[PDB]
Amino acid sequence: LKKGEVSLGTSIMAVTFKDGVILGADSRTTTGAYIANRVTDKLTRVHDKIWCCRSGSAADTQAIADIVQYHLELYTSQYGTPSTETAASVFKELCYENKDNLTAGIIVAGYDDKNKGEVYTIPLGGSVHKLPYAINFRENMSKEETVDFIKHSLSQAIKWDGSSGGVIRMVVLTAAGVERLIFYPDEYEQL
Amino acid sequence: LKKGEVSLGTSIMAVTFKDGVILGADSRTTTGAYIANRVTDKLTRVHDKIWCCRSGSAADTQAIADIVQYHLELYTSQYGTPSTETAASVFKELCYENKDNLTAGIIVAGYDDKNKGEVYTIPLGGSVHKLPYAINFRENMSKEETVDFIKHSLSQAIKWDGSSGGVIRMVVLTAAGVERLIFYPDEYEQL
Amino acid sequence: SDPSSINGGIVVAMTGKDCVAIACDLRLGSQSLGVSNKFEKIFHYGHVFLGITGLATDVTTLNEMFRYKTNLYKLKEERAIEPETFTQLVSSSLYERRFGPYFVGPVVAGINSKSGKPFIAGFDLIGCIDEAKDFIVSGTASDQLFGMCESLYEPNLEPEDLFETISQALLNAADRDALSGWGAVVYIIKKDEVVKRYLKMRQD
Amino acid sequence: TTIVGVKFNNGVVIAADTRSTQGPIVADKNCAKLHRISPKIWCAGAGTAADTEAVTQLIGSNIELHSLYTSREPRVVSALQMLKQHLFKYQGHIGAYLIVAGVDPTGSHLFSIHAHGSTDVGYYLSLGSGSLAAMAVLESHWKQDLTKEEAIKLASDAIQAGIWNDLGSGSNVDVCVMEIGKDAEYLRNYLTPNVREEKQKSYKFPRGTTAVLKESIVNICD
Amino acid sequence: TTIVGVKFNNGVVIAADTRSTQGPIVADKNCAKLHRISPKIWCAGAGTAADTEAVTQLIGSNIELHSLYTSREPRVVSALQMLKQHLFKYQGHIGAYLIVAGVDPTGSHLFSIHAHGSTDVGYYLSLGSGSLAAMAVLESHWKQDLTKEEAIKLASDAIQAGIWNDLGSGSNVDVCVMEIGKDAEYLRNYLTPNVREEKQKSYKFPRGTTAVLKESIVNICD
Amino acid sequence: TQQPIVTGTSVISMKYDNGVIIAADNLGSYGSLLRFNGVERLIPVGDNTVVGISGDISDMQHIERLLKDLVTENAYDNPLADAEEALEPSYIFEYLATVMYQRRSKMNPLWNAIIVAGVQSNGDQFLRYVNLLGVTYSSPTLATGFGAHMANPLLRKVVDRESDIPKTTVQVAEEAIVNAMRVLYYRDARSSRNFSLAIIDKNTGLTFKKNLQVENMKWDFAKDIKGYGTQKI
Amino acid sequence: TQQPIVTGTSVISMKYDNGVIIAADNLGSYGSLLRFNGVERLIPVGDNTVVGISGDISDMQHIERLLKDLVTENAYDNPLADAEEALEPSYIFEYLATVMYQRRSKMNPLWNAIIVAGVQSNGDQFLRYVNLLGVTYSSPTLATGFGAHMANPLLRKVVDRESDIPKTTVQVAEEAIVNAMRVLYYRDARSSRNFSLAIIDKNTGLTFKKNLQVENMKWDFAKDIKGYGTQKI
Amino acid sequence: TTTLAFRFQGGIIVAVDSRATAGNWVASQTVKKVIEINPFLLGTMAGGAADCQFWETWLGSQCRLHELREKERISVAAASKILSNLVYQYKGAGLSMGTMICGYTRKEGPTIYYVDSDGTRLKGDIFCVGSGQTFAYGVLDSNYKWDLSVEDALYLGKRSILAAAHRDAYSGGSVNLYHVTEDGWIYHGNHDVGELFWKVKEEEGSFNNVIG
Amino acid sequence: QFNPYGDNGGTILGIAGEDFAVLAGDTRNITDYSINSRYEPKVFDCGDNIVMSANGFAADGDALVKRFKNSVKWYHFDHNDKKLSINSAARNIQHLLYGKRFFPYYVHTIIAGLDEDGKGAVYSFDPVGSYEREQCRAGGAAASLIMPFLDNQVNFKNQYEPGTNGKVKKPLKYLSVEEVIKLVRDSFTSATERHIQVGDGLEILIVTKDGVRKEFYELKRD
Ligand SMILES: [Cl-]
Ligand SMILES: [Cl-]
Ligand SMILES: [Mg+2]
Ligand SMILES: [Mg+2]
Ligand SMILES: [Mg+2]
Ligand SMILES: [Mg+2]
Ligand SMILES: [Mg+2]
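Let me begin by describing the structure that accompanies this report. (Residues numbered from 1 in each chain as written, not as in the entry; some residues may be left out. Chains lettered and ligands numbered in written order. Part of a larger assembly, values for the part shown. Heavy atoms only, no water.)

**Structural notes on the interface of chain C and chain D**
Many descriptions give the size of an interface as the accessible area lost when the pieces come together. Convention followed: It only takes one pair of heavy atoms within 4.5 Å for two residues to be counted as in contact. Buried area: the sum, over both parts, of the accessible surface (1.4 Å probe) that disappears when the two are put together. For this document, the term salt bridge refers to a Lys or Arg side-chain nitrogen within 4 Å of an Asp or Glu carboxyl oxygen. We count a stretch as a helix when DSSP gives it H or I for four or more residues in a row; a strand needs E for two or more, and each element gets its number in order from the N terminus. Residues are grouped as follows: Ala, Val, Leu, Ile, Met, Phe, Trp, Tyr, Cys and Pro are nonpolar; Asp, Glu, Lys and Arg are charged; all remaining types, including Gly, are polar. Strand pairing requires that DSSP identify at least two bridges connecting the strands.
The interface of chain C with chain D comprises 38 residues on the first partner and 35 residues on the second. Each partner contributes to the roughly 3,200 Å² buried at the junction of chain C and chain D, and carbon and sulfur atoms together form 56% of this total. If you look at where chain C meets chain D, you find 5 salt bridges. The partner of C:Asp161 in a salt bridge is D:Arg207, with the nearest N and O atoms 2.8 Å apart. Within the residue set of the side of chain C that touches chain D, elements represented by two or more residues are β9 (129-132), α3 (142-152), α4 (159-174) and β12 (194-199) of chain C. In terms of residue class, the side of chain C that touches chain D is made up of 15 nonpolar, 7 polar and 16 charged. Summarising the sheet, β12(C) and strand β13 (residues 212-218) of chain D pair through 6 bridges and their orientation is antiparallel. Bridging from a neighbouring strand, C:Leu199 pairs with D:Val212 of β13(D).

Structure representation (structure tokens):
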């Protein structure tokens, strides 16, 4: 991580559930002890129903996410809608081949109609790991339970970590469509 | 922390409850990635009903604990049984004045008949902090609940931290007396 | 800037049958430059012999020291010091300077005047005693000496045979070391006579 | 170095190898790593050889004086405490890694001490460059309620693991058994599995081979 | 430097101070930190002065050519993207910290760009050595649904906070207002609260004071 | 030579017409971790002085004991310890400032930034700063750490110079302080929502307020913010 | 030039009379954190080879792809791809060992330690090691990382030399491997209880065992241990 | 290492030692430090063994190609310059070389060029290179004359190496002599320093400091 | 930082006779204090009656041997199956080694065979390609222990004729293959005693006009 460059902390998560998948994150962005942005959107769209959670270098994760979005737009034009696995592969390919110059930790989450909700995590090294969730979870939770799980989890991260704070943003990916959720400090702090 | 010296990890806790106080810890001790001792006793007696939890440098914490035990033995001979607050003060006095040469994180826990169960934490800097517990807890828990709270908490620390492992040792401090508890991997892992 | 390899030199000691031998080269240099071909590294205090390799100033200093200490030992004890006792004195004296050591590799050799047993010993710079039946090596060509001694040496050699073995161990070791050589001396020590021979070796 | 300690029924046993290195060079092929602190308290030492001997002799001296002062047989905890406090004072600069064991009026004890001043308690312990090879054996074969003969076997097997598999350890196996109500028995060279084979040739020189410049008689007498 | 950007009802406004430092020395007391990228897209820049001008002119050039090629008015997102990709490519070595704002057929926009290539979206932003002084003001007084006149006030107040309290910022306040359906109005020296007071004395020298060795006429003509 | 471990962030303060105000959050951070949430960093000395301390917490607890021991020592053989020969802010300050400079001159500093706020016996306001280097200064507004960058600019809008002090009321001053503390919560990564505030008035004396919270925050506008540039959804 | 991030620890293996055994735990560590618990570090290539990899996980996943792509490429224009001209362990090894040495010679290594275990077409056992430096060696027992220090000594008690291989059965070999894995769980801080094990036999072929656990552990003696020396309670 | 080469009435004398060291360890005592570039040209080895061997062998190949193309013996000037221009290309990369390129032609007469890995190319009458160069220079300077006989000149070169071999720890083994004439070079044998020292001591009366 | 080199230990030895030549080397491969293999050959038959060993960093040694073997193969193709003389192979290896002058093979290389007159030949190389023909040469970790012994026994250095006042040297002479193998075996058993990296086994490759023969001998495993 370069000196003085904008950091995205590391409080992000994606959880699969019955109807699909939910991405969640805080909104804090730092430069040392200074909060450069307190209403950041770390949940980024690479395709209609494939989103990602960004951590580490803000510059690096933005540049990558932008490139991935380019590749999936071009993929879709030629070969039709891509899989969440395909999206994770492109992310990895970038994060792995440029591991010396990057500081990007990415969680890829998406919704297919065949594969349903999928979650892939891509840590610093450039490795890929398919999981049920990423950061007493159970499989096939309801939307309302998964929201409370992400809410309670990030709430605690914010409580103990100074690199985390602000609002809790969440994106719900289902066959119904895409739903954005937000939760303010007065709500989650006193949980 | 000196290079190659024995590290005590950091998975220790003390929790106050209705009848008194309980100290808890793992049993792992490392030298790099090598586990030097897997059945360590990090719960040490400085007085009949004043115990401590040691973290950081094993050599440093042992030398301090030994000195504290000396001071409280001499205190008792002259001025009668000391308070848990007094014990924490002696620890602090050592950890604070020799902060440049030490790497010791200590949790002091004891049982008076007036003050009941008390917990004091002494981090690296040499500061003292009196707390209800130290490392979703409720005040005035039962013995059985507090045991399950420590058990579940350390169990997770062991699960995710490689500096932690082995057995979970616990010491119960009450008006009844002193009780030693132990919990093996087959029990706590599958919680 | 390695004190043990500025001046250079070697010492080797061997046991035989009712005899011991100790030998040293004669070089003293300042790194590449050869300065003296008469710098003997073996000293004796009564019937106990001491060879010292390493930094020359410490070699000279320690000799003067053990001369000092053995002379007083004799005045008080009213008898000369034995090899086993002297060995412990050397170890004591060296570890006294544990955190500011003399850069030396001493070797003790002699025969016990009471029991008649041959005795040799070696030390590191902080006084770890290496007692040995066979042989002891010290110096800049210690690796070389270890190779020569380990192959050439055999037990219970007679004085006249032991002489040839230790002389050949030293000479051929010294010739594969740039900082050792320029002359050699061998002490053959029997219970009540000691012969000292200067060897002829290549002077390069 | 490879040193171990094993507790058994009525006592404790410690063992060690006999190699002393100087980088990649073997300085001593049969060195004694087992030290006597008191008659029934023995210490196995690894690390800096001069430090393990110097520290074990100093504490042994002070233990002897203490034993005379108190009119009592020395305790292992006394040796343990005096050692760790000395080592701690020098902050690891005295590179002594020790396994202390013995019997006293309180019972049989086994401890380890690291150069920095930390002590550990156990039924089986191992220290040195071959401690991992040895501990692999101990973790595989150790059990509760060992007999004297079972413990000596386990100990010497653990040391062998180091001799063969660790380059810093070699030569022979030394053992010392400290049993309760008995004199401690020091078994020097209990095992000698590394005997040098016969040489193919005798390199004894013909007399006169060596060239000589001068001869003289040295006067050692007064 | 102190630069800000504030969104309002029908547009966006950016402001900046006018001091240019060279260590502790003020090189320029009235420098222009507001840059024109396109007619209705303006950029406030902090950091390395040569870099903020060079990067804003290059992207402005490429935006003009793009506007001619596409027969369309340029967009802020186009400037934003071209800038961040250029800055990212040079890994922060081009020390340009920018606040980009403007109006296009899509609406009114406000962004910030850091030297490393990260962009941020907001209703109010501040960058530079006086960004903390300015943000303190913005966080205290900003609200949703500002008017043009309220936004210019908030912006110039935020810059003033930097002028007074930050040593790296000073002199005057520049503003540019970009409103929808209107021409962008560049308010150079909108505020001049640091006018130098009259000197106590005139240091105009008597003619002939200066000693002279030679004189000659220089030929500038052909 | 040290390095701080558990630290406390900004301490902000200002003068008003009849006295001084001082505030500081209840947090003890560990690098990036918000570990201790029950830390009081404002310490009253008598009924006329409050010392606010930022920096290393263990060194802060050392200074607490010095001040506590100072009060005890002043009462020795002193019949006027609760009157004429009671401790003044200027005495307490000069003591600490002496200690801080001595410690830095021994290359073993107390890793702190201190603000002594109080009211003198003659009714004059006292507000002075001292840090680990032994550097001292006084001003109508004083702040440590971030407070110096974010709070001072806000407080100086109220009291930009000495002549503005008589014009500033306690209600206005307290409002500026409480606003500043909210801004620091927004923008300081090492801050907390909970804080303490103290007022030393020449008429009403020392008022000490604990368990305060930052409130009336603005977060609603966050929902409209999407992506980092081009993203519409 | 790299630095590894998410890593995998020891890989242990040994030869027996009819084949080879290889094992490795299912963990991906991150400095000190036991983050990924579903990591398979044993990768079968065909029905006669298993490559066990320790070190950087991302570089391991790269090597997985290479081997997978090697099998595909070998089947091209090859009617005997499932018979005579099928991939051998010695082919697969030499490929990787070539790659590993090329990468270190470009100062951009694959931060791994690899053990290729398999059985050749003529029934011979294959067991060879290669690491990030391109260093290769073969032995009756091979291990990486900690396994080299703790496992090899145990496995060499079973097969101390080449002549002991025909005397060693699969039941004995598997027991030594499973014992070694328990010892590593006791003493390696970067290890897990869960692991995978593979056997390549010249008669019964490739047997791949997943979701194994270390069991029959000794922990009871811990209760008798109190303090660090003098403490009796 | 000690290498010397000097011009005189009868051509050029080249004399070198034979020792190679890796730290204090004496790797070899039988090293050939004179490179026979061709029958008419010699080169000395000092600095890097491989650098001197490789590139002075390469030089011989370039000299052979010159005389094939030009039908004339290459000058010492031209031969030396081919080498110096080559090592100058590699300047900074870390080559280590200190050599004397020696030859005797019609147009030049006996000629010596000191060539060096940082690009230096010097023509001269007497050159000495190596760890023991200073010892050899002393004997050379005090005894050198242009009108030396071939017999006396050969001994002077031999005696100068011996002086270095004695004092310099990193010089010794044996002495190799060469005499370079217009018709080519003539080898004058290998002389063990051990035997040579005692011989010279007795016959010359020098080295009284040493007991023999 | 990534260190591309390592030390795999081991030691090698090449002696040349009248009508034969031997190249020996221990079979132990090590890293630090661990043993990797007790039998890992590093002396190879490269064809045309040439044997070769590249001791030091095994990865570089294996690559060099592999390249030379391939160099022999292409020499046959390009030059009508001509036999590669030992002197031609030596010069070829110089070019292989020096071709990596600025990123060397960390190996001490020795080759043995017969020259074009049928006499025994041994060539030794430094890591960057300087080479020299010799009667006797040890290489690797324990070269310092072995080599002065060879000087004494093969080349009869420092040995003078008895009775001659150290005036007449002991005369040089060729040794038999049987006497040479004794010196090799005794060289390696002595080195095994005093060097920790040397042991396990000894493999000797003998080269005569008839071909290449092998001989193996056990060594101590500690
Ligand atoms: Cl961002
Ligand atoms: Cl401990
Ligand atoms: Mg664990
Ligand atoms: Mg020499
Ligand atoms: Mg200013
Ligand atoms: Mg010399
Ligand atoms: Mg060996």
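**Some thoughts on the coordination of the magnesium ion (ligand 6)**
Spelled out, the test is: Sodium, potassium and calcium take a 3.2 Å donor cutoff, other metals 2.8 Å, and in both cases only N, O and S atoms count; water is not among them, so sites may look incomplete. When accessible area is computed with a 1.4 Å probe and restricted to protein chains, residues below 20% of their type maximum are described as buried, those above 50% as exposed, and intermediate ones as partly exposed.
Taken together, the protein ligands of the magnesium ion (ligand 6) are C:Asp204 (O), H:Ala165 (O) and H:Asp168 (O), with distances of 2.3 Å. No difference in accessibility class separates H:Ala165 from H:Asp168, as the two residues are buried.

**Quick look at the pairing of strand β5 (residues 44-47) of chain I**
All names here are of chain I. Alignment of β5 against strand β6 (residues 50-56), held across 3 bridges, turns out to be antiparallel. Along β6, the bridge assignment pairs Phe 44 with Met 52. Between β5 and the antiparallel strand that follows it, β6, lie 2 residues; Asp 48 among them carries a positive phi value of about 50°.

**Some remarks on the packing of helix α1 (residues 57-74) of chain G against helix α2 (residues 89-105) of chain G**
Residues and elements named next belong to chain G. Test applied: Structural elements are reduced to axes, namely lines fitted to C-alpha atoms, with helices fitted over the stretch in contact, and the angle between N-to-C directions of any two is expressed from 0 to 180 degrees. Working rule for angles: under 35 degrees goes down as roughly parallel, over 145 as roughly antiparallel, 65 to 115 as roughly perpendicular, anything else as oblique. Whether a crossing is left-handed or right-handed is set by the direction in which the near helix is turned from the far one by less than a right angle, anticlockwise for left-handed and clockwise for right-handed.
Direction vectors running N to C along α1 and α2 enclose 135°, while the axes themselves pass 12 Å from each other. When the interaxial angle is binned, α1 and α2 end up oblique. Where α1 crosses over α2, the handedness of that crossing is right-handed. Between α1 and α2, the residues in contact are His 62, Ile 63, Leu 66, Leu 67 and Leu 70 and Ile 92, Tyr 95, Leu 96, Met 100 and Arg 103, respectively. The class makeup of the residues in the contact of α1 with α2 is 8 nonpolar, 1 polar and 1 charged.

**Focus on the packing of aromatic side chains**
This is how it is decided: Note on ring pairs: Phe, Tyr and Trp rings are taken, using the six-membered ring of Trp, and paired if centres are within 6.5 Å. Classes follow the plane angle, with under 30 degrees stacked, over 60 edge-to-face and the rest tilted.
Scanning all chains against the criterion turns up 55 aromatic pairs over all chains. In textbook terms, an aromatic cluster arises when at least three aromatic residues are bridged by ring pairs, as seen for H:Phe54, H:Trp55, H:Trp58, H:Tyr90, I:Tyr98 and I:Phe102.

**Some words on the packing of helix α1 (residues 58-79) of chain A against helix α2 (residues 84-97) of chain A**
Residues and elements named next belong to chain A. It is the contact of α1 with α2, at a shortest axis distance of 10 Å, that shows an interaxial angle of 135°. In this view, α1 runs oblique relative to α2, as classed from their interaxial angle. Along this stretch, α1 crosses α2, giving a crossing that reads as right-handed. Contacts between α1 and α2 involve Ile 64, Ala 65, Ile 67, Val 68, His 71, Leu 72 and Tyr 75 on the former and, on the latter, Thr 86, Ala 87, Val 90, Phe 91, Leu 94 and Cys 95. Across the contact of α1 with α2, the residue classes break down as 11 nonpolar, 2 polar and no charged.

**Comments concerning the interface of chain D and chain I**
Tallying the contact residues gives 32 residues for chain D and 31 residues for chain I. Summed over both sides, the interface between chain D and chain I buries roughly 2,700 Å², with carbon and sulfur atoms accounting for 52% of that surface. Per-residue buried area on chain D facing chain I is highest for D:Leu167, D:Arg196 and D:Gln200; these three make up 25% of the total on that side. Scanning the region where chain D abuts chain I turns up 3 salt bridges. Put simply, I:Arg185 and D:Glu197 hold a salt bridge, and the shortest N to O gap is 3.5 Å.

**What to know about the environment of D:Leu154**
Residues and elements named next belong to chain D. Note on placement: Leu 154 falls in helix α4 (residues 148-165). Owing to a relative accessible area of 6%, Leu 154 belongs among the buried residues under this scheme. Separated by 74 residues in the primary sequence, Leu 154 and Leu 80 place their C-alpha atoms 24 Å from one another. In this structure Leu 154 touches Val 6, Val 137, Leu 138, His 141, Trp 142 and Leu 146, once residues within four positions along its chain are discounted.

**Considerations on the coordination of the magnesium ion (ligand 4)**
Looking at the magnesium ion (ligand 4), the protein donor atoms are C:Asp177 (O) and C:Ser180 (O), and they sit 2.4 to 2.7 Å from it. The residues C:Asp177 and C:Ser180 share a single accessibility class, namely buried.

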